[PDB]
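Top to bottom, those sequences are chains A and B. Under the numbering used here, the very last position in the first sequence is 506; numbers go up by exactly one each time. Under the numbering used here, the very last position in the second sequence is 736; numbers go up by exactly one each time. All remarks here apply to the structure that follows.
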Amino acid sequence: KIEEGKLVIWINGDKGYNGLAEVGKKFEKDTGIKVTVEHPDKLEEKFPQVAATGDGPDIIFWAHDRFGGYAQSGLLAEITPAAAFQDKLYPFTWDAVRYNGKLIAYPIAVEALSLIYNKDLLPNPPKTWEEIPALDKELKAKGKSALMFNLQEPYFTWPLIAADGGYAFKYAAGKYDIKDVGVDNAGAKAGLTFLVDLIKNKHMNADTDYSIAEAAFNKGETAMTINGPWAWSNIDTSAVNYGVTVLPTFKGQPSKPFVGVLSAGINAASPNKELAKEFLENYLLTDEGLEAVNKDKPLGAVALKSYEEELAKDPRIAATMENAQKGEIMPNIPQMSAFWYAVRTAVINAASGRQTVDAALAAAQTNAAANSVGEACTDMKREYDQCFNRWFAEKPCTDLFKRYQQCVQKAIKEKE
Amino acid sequence: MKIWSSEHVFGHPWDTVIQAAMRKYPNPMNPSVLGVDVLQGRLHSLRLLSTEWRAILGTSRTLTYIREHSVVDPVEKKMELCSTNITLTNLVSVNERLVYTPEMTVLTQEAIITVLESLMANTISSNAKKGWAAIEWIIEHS
Ligand SMILES: OC[C@H]1O[C@H](O[C@H]2[C@H](O)[C@@H](O)[C@@H](O)O[C@@H]2CO)[C@H](O)[C@@H](O)[C@@H]1O
Numbered sequence: 091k092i093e094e095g096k097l098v099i100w101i102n103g104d105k106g107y108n109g110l111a112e113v114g115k116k117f118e119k120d121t122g123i124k125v126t127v128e129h130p131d132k133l134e135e136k137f138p139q140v141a142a143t144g145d146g147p148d149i150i151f152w153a154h155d156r157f158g159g160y161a162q163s164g165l166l167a168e169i170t171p172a173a174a175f176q177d178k179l180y181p182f183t184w185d186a187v188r189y190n191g192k193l194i195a196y197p198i199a200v201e202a203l204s205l206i207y208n209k210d211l212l213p214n215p216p217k218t219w220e221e222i223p224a225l226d227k228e229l230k231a232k233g234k235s236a237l238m239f240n241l242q243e244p245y246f247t248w249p250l251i252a253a254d255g256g257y258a259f260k261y262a263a264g265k266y267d268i269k270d271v272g273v274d275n276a277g278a279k280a281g282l283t284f285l286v287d288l289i290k291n292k293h294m295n296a297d298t299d300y301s302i303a304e305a306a307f308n309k310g311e312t313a314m315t316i317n318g319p320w321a322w323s324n325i326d327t328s329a330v331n332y333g334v335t336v337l338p339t340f341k342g343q344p345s346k347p348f349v350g351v352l353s354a355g356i357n358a359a360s361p362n363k364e365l366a367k368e369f370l371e372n373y374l375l376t377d378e379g380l381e382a383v384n385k386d387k388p389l390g391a392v393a394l395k396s397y398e399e400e401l402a403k404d405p406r407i408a409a410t411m412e413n414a415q416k417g418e419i420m421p422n423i424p425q426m427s428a429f430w431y432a433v434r435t436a437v438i439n440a441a442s443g444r445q446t447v448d449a450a451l452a453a454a455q456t457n458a459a460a461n462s463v464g465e466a467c468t469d470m471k472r473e474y475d476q477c478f479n480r481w482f483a484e485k486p487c488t489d490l491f492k493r494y495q496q497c498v499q500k501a502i503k504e505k506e
Numbered sequence: 595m596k597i598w599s600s601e602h603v604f605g606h607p608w609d610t611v612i613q614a615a616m617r618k619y620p621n622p623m624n625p626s627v628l629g630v631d632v633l634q635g636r637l638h639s640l641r642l643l644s645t646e647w648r649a650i651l652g653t654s655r656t657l658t659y660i661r662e663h664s665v666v667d668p669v670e671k672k673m674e675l676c677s678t679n680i681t682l683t684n685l686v687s688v689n690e691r692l693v694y695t696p697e698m699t700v701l702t703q704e705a706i707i708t709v710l711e712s713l714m715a716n717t718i719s720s721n722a723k724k725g726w727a728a729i730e731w732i733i734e735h736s
């Protein structure tokens with residue numbers, strides 16, 4: 091069970107978790123209440139697993155897109171800031187963490203991907219994707235490359251896929267149409283085809299991941315990368331002279347990154363709900379609290395107005411906002427879970443050449459099927475189902491199943 | 595009370611047809627689903643399918659949930675799957691048997707509907723036709 095009289099916070103490993111732990115120390119100093127900040131592997135998948143059993147952290151940080159799934163499965167407490175407190179944050183950020191008329195988290199910061207470039211290698215970064223082949227060709231002559239970014243997370247390629255018309259779910263009159271997935275259209279195909287052609291013409295490697303792309307940029311090997319505010323910090327400690335700018339246009343259209351609000355949810359099973367509210371409202375969502383995290387790894391454009399006014403002076407933040415404005419706020423509907431993998435597989439398969447673009451995206455449009463009764467359970471399912479089938483090469487997977495079953499059994503509580 | 599029987603013959607091995615049989619989320623069929631209880635001398639498996647299917651729609655604004663019970667236990671090639679409608683009014687029961695008949699494979703199904711009813715009957719037969727097609731579909735893409 092969750093421990094009473096103490097706070098345990100989970101946040102993704104790419105964020106300022108050391109800075110958050112400083113805020114935690116401040117909380118502990120004032121109140122005697124210990125605050126422990128951890129960054130578990132696959133935390134977006136772990137949280138639903140543990141929370142389904144009433145276990146896990148008191149507070150969880152993730153982008154808002156996963157929160158509707160978690161709320162629908164009853165893993166998150168409704169939160170209740172006073173009118174006073176709500177006025178301290180931008181309205182639109184609250185809207186991101188509203189689900190079914192209820193607030194399910196505190197908004198922290200607005201995240202968007204930007205184009206990051208090395209000014210000494212590339213004083214004028216390219217304005218279009220279409221220039222990048224020719225740029226790369228020239229840079230390979232010097233033993234460098236034009237661009238490297240994380241291909242293993244569809245987050246990072248999505249801006250290109252969406253630029254000419256790829257989408258996730260249709261939106262009309264305040265409602266997302268889940269029966270329609272826009273991941274198989276001509277715009278989505280064009281975008282992915284461009285990426286696949288970059289790989290076919292040797293301008294990119296199909297297995298480039300976050301750390302490879304990070305190491306390549308910060309060691310001066312590649313002239314550009316694509317990443318969020320959190321990454322600026324490690325470039326700062328390298329000797330690279332970097333600019334952060336608007337993503338390249340594609341077919342004359344802006345890249346359309348998916349915009350996340352980093353959000354902090356309270357575990358519905360936590361016995362420390364008031365302490366969590368104290369910590370989030372009076373310690374983290376303050377100029378000094380956000381500064382401490384931001385100093386560890388930049389948050390992006392923060393939800394807190396008082397501090398955003400200061401951050402907005404930074405041209406990296408203005409770039410972040412220009413990209414966010416050209417992009418689209420992620421839905422927080424429970425189906426996002428299935429969408430995200432559905433694309434994760436398609437991109438990897440098209441990039442590696444296991445599937446053609448057309449067949450990979452065609453398969454994704456189906457695999458985006460919502461995929462579970464339990465809103466937050468879709469990954470535990472995909473992990474399990476994937477095994478049971480492999481087992482049907484026998485006719486083992488029990489370890490996944492116990493986990494899968496709990497999550498969906500908890501949702502089955504409020505139905506028949 | 596409307597009844598349906600049909601058998602369809604599958605130009606595919608029993609094994610592959612049963613493997614496909616286990617997969618939903620085909621382009622022909624919308625409904626979401628998951629495996630709630632499974633145990634194995636034999637194999638049993640228990641699922642819940644939410645199936646989505648305008649006065650009638652008003653009557654069921656809320657999504658309708660389907661329960662499947664299926665066993666594949668005998669070394670002799672076999673599956674049985676049983677579907678019920680979770681609501682307050684009238685039932686449907688569909689049972690499929692998949693075994694291969696002269697290895698191609700063939701199923702024999704029933705739909706039993708209780709409470710118009712003609713629409714319900716027409717719909718559940720159409721779903722069964724779609725289903726054969728989805729299994730045919732799933733082979734290609736598995
Ligand atoms: O790639 C799919 C992934 O996209 C988004 O995740 C971002 C996340 O918003 C950031 O916190 C950052 O760490 O990078 C992630 C990609 O690795 C969605 O939040 C997430 O739900 C989705 O899985």
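For every residue, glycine included, the Cβ atom is placed at its ideal position computed from N, Cα and C.
Query	Result
Please tell me whether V693 of chain B has its Cβ less than 9 Å away from any Cβ of chain A.	no
Decide if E484 of chain A is buried, meaning its Cβ has at least 16 other Cβ atoms within 10 Å, or exposed.	exposed
Are the stretch 275–294 of chain A and the stretch 450–460 of chain A in contact at 8 Å, needing three or more beta carbon pairs?	yes
Are the beta-carbon atoms of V349 of chain A and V113 of chain A separated by less than 9 Å?	no
According to DSSP, is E168 of chain A helix, strand or coil?	coil
Whole angstroms are fine: how far does the CA of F307 of chain A sit from the CA of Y397 of chain A?	30 Å
So, using beta-carbon positions, are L337 of chain A and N240 of chain A closer together than 9 Å?	no
Below 7 Å on C-beta distance, what does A432 of chain A contact in chain B?	Result: empty, since nearest Cβ-Cβ is about 10 Å, beyond 7 Å.
Assuming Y619 of chain B contacts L642 of chain B under a Cβ cut-off of 8 Å, what Cβ separation, rounded to an integer in Å, is found between them?	No, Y619 of chain B and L642 of chain B are not in contact; Cβ-Cβ is about 14 Å, not under 8 Å.
Can you confirm whether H638 of chain B, when its beta carbon is compared against all beta carbons of chain A, has any partner nearer than 9 Å?	no
Can you tell me whether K471 of chain A is helix, strand or coil according to DSSP?	helix
Answer with buried or exposed for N679 of chain B, where buried requires no fewer than 16 other C-beta atoms within 10 angstroms of its C-beta.	buried
Could you name each continuous beta strand (DSSP E) segment of 3 residues or more that falls completely within the stretch 93–136 of chain A, going from the start of the chain to the end?	97–100, 125–128
With respect to 8 Å, is the separation between the Cβ of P388 of chain A and the closest non-hydrogen atom of ligand 1 below this value?	no
DSSP three-state call for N208 of chain A: helix, strand or coil?	strand
How about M238 of chain A: is its Cβ closer than 8 Å to a heavy atom in ligand 1?	no
Between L179 of chain A and ligand 1, is the CB less than 8 Å from at least one heavy atom?	no
Could you say which of A:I206, A:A408, A:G443, A:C467 lies nearest to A296 of chain A if we only look at CA atoms?	A:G443
Comparing the C-beta of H735 of chain B with each C-beta of chain A, is any distance below 9 Å?	yes
Is there a Cβ of chain A sitting closer than 9 Å to that of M673 of chain B, yes or no?	no
When every heavy atom of ligand 1 is checked, does at least one fall within less than 8 Å of the C-beta of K346 of chain A?	no
Could you give the distance in angstroms between the alpha-carbon of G333 of chain A and the alpha-carbon of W219 of chain A?	17 Å
What I want to know is whether the C-beta of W320 of chain A ends up closer than 8 Å to one or more non-hydrogen atoms of ligand 1.	yes
Pull up the distance between the alpha-carbon of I316 of chain A and that of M698 of chain B, whole angstroms please.	52 Å
For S462 of chain A, which residues in chain B fall below 7 Å Cβ to Cβ?	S626, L628
Taking only beta-carbon atoms, is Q495 of chain A less than 9 Å away from chain B?	yes
Beta carbon of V125 of chain A, beta carbon of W100 of chain A: below 9 Å?	no
Does the distance between the C-beta of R472 of chain A and the nearest non-hydrogen atom of ligand 1 fall short of 8 Å?	no
I need the boundaries of the alpha helix (DSSP H) containing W731 of chain B, first residue and last residue.	711–735
Taking 9 Å as the CB-CB cut-off, is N679 of chain B touching chain A?	no
Confirm, please, whether the CB-CB distance from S644 of chain B to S664 of chain B is below 9 Å.	no
Quick check: the stretch 259–277 of chain A against the stretch 423–438 of chain A, are there 3 or more CB pairs under 8 Å?	yes
With three or more beta-carbon pairs closer than 8 Å as the criterion, would you say the stretch 217–231 of chain A touches the stretch 380–398 of chain A?	no
Please report whether the beta-carbon of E506 of chain A lies at a distance below 9 Å from any beta-carbon of chain B.	yes
Can you check whether the CB of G355 of chain A is closer than 9 Å to the CB of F151 of chain A?	yes
Following the continuous beta strand (DSSP E) through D448 of chain A, name the residue where it begins and the one where it ends.	From DSSP, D448 of chain A is part of no beta strand (DSSP E) but of the alpha helix (DSSP H) over 447–457.
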